[PDB]
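This document opens with one chain alone, in structure tokens, the form deposited in one PDB entry.
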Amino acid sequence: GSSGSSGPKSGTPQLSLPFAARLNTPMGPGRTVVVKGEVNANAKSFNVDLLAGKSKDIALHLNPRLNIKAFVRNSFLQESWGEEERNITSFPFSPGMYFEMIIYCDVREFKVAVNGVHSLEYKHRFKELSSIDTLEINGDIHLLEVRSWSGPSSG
């Protein structure tokens, strides 16, 4: 038993996957890279490959999953895959919804929260943070627009 309530709509001038573009300048600590988009009603699963055009080295590779609802977080360095883990208190990602991934760098680890709801963390596997320049994104989701701002501290 599985049906669909929402319907997919395609007819607007915007980005598309696979999305492979580089940032005017190399990102790193203090910087905040967010990804505003929307999942498809019948979307299998998406993924975000963040590498450094410099040495095409994937510093962080977060590939979520809806089917089984398992979040995967690993890195690819020196043409080698680390250890993929799986353990989340809950899976926010949903088919046909608006999800926002915020990537903040505190020079201590790679943080990633969805819709302003911390999910999981991943230490800064990549030493050179000022190397990441190319942002690769693929999957069965719809990319609206990608923003990148320093991000002040108000509270």
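All residue numbers are counted from 1 along the displayed sequence.
What follows is about the form solved in complex with a partner chain, which we do not show.
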Residue (of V34, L62, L129, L66) lying close to the partner chain in the entry with it bound, criterion heavy atoms within 4.5 Å: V34
One residue of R108, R86, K54, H118 in contact with the partner chain, assessed in the entry with it bound (non-hydrogen atom, 4.5 angstroms): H118
Candidate site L50, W81 and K123: all three near the partner chain in the entry with it bound by heavy atom within 4.5 Å: no
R147: touches the partner chain in the entry with it bound, heavy atom cutoff 4.5 angstroms: yes
Partner contact for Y98 in the entry with it bound: the partner chain, 4.5 angstroms, heavy atom: yes
In the entry with it bound, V112 touching the partner chain (heavy atom, 4.5 Å): yes
Any non-hydrogen atom of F93 within 4.5 angstroms of the partner chain in the entry with it bound: no
